[PDB]
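Below you'll find the structure, written out as C-alpha cells, and then a few comments.
Protein chains in written order, with this note's numbering: chain A, 13 to 45; chain B, 13 to 45; chain C, 4 to 38; chain D, 15 to 56; chain E, 15 to 56; chain F, 15 to 56.
This is the structure:
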C-alpha cells in the first residue's frame, strides 16, 4: 500500500519558520538595546 | 467516507495574514511621515 | 464525485510569482543598505 | 549621518514591499489548500 | 534628524510585528497540509 | 544618535534574513501542495 508523503517539504518549511522566529527575536533585541 | 476539514487552520492562517496586512499598512504610513 | 483532475495551478503559479518578486525585492533592499 | 538615514528609509520601504508580496503568496497558498479540500469533498 | 530616526524605529518595530504574523500563518498552513496528507493516507 | 542609526541598520539586516527564511518556507509549502495534487492526480 503506497502512501502520500510530503514530509520532507513540510519539515524544511518548519525549520525555515523556526529560523525566522530566532532572527526576528534577534532583530527586536538589537532595537531594544 | 469521511469529510476532510482543515478549515480551522486555514481560518487562523487567513486571520494572521489580515493582521499582517493591517500592520504593513501602518508601517508604510509611519515611514511616509 | 469529480471526474476531472484536481488543478490548483492558478493559485500555486501566483504564489510562485509573488515569492520570486519578494526574492528580488530583498536583494534590492540589501543593495540599498550596502550603498 | 543624513545619508545613512535616507538609505534606511529607502531599504525599509523595499523590505515592506517584499513582505507584502510574501503575504499575497500566503493568501494564494490558503486558496490552493481550500481548493484541494473542495475537490476531495465535492 | 532625531525625528527621522524615531520614525524609522517605529516603522521597523511595526514591520517586525507584521513578519511575526506571517510566520504564524505559515505554521497554520503546515498544520493544514499535514491534515490533508493524514486524511488521504487514512 | 549614530548608535540609533547603527541599531536600525543591524536590526533591518537581521529582519531581511528573517523574511528570506519565511520566503524559503513558502517555496517548500508550494512544493508540498504540488506533491499532494500530483499524488491525487497520478
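Beta carbons are placed, not taken as given, at the ideal position from N, Cα and C, and that holds for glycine.
| Query | Result |
| --- | --- |
| Since residue 48/D and residue 16/B should fall inside the 8 Å C-beta cutoff, what is the C-beta to C-beta distance between them, to a whole number of angstroms? | That pair is no contact at about 11 Å. |
| Of all the options 22/E, 15/E, 55/E, 45/E, which has the alpha carbon lying nearest to the alpha carbon of residue 38/B? | 22/E |
| Terminal residues of the continuous alpha helix (DSSP H) containing residue 4/C? | Premise fails: residue 4/C is in no alpha helix (DSSP H) and is neither H nor E. |
| Helix or strand or just coil, what does DSSP make of residue 11/C? | coil |
| With 8 Å as the C-beta to C-beta threshold (strictly closer), list the residues of the stretch 29–46 of chain F near chain D in chain order. | 29, 30, 33, 36, 37, 40, 43, 44 |
| In the DSSP assignment, find the unbroken alpha helix (DSSP H) run with residue 30/F in it and report its ends. | 16–55 |
| What does a CB cutoff of less than 8 Å around residue 45/B pick up in its chain, not counting 5 residues either side in sequence? | none |
| Which value, in whole angstroms, describes the spacing of the CA atoms of residue 33/B and residue 32/E? | 7 Å |
| Within 8 Å of any Cβ in chain D, is that where the Cβ of residue 17/F sits? | no |
| By DSSP, does residue 24/A sit in helix, in strand, or in coil? | helix |
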